[PDB]
């Protein structure tokens, strides 16, 4: 998948993520309220009490709410994205550390944390562990991005050297490899702009472009994580600033679109389709969650703030996998 944060021009931070998977059963939008318990591991019993309510896209098939992204009531936003062959986990916690499940990292940070630093500290009392949840069958190689209300982003990744933190990132993350590497890849591609190369001659012949779009030459178009990072970064940089929160979601979906993967164009070596099952955006300041799906391109939205925050069970919706065409006449 691919993610990014942007900064509205009326002091408002937004974060969006594409989920790319090989077939998505289930997954609703869950507001999880205060004082629900979120477990830490699955085969053992500790379950931290969340100070904060948050909301996002997740599962509900194991025993604590699993969230892939979300905003909590204090303006911190987050995602776990795949991260194949670079994710490393422990068997048992370290010294003065106790253990956590990759799939649980988000719920737990979003229920407890507010600043982006709060997340770096929280995550040195954690060692990630090699536990296979039943909804997949194994521990998804993951890495996490996060973004507080101020718009400062961070990437946390579980390498084999140990947990790697990157402060003050450019607010973009996709998938493997490490964020360090994508950030230096960016340089190879600085020539990719919105501006036309200027006309040339080859002897007597005059050479001018086929039409508009040529400043972009070099930018790869495949759906490889390295390219996906490249396009999301590069169209974040040049895309026009969003003046308001609605415009933010719109941009965020226009940029993600360049990396949105149709059914069938990417196969695995087993032979299943890898496609964009949904794509969402969240706002720090209003604590809104907006989302879109493969089978429907109408953004649905929940407001976390206008709900019973305090509050016996989780609140649920519930995917409309059907194209919501407005008929202007019958």
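Positions refer to the first chain, counted from 1.
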Looking at the deposited entry, does 128 to 136 or 249 to 257 carry the larger mean Cα B-factor? 128 to 136
Tell me which stretch, 118 to 126 or 225 to 233, has the higher mean Cα B-factor listed in the entry. 118 to 126
Note to self: of 190, 103, 173, 87, the C-alpha temperature factor tops out at 87
Divide the modelled residues of the chain into thirds by Cα B-factor and specify which third, lowest, middle or highest, holds residue 322. highest
CA B-factor ranking of residue 296, expressed as a third of its chain: lowest
Within this chain, which third does the Cα B-factor at residue 305 fall in: lowest, middle or highest? highest
In terms of the chain's CA B-factor thirds, is residue 36 lowest, middle or highest? highest
Temperature factor at the Cα of residue 329, chain-ranked in thirds, falls in the highest
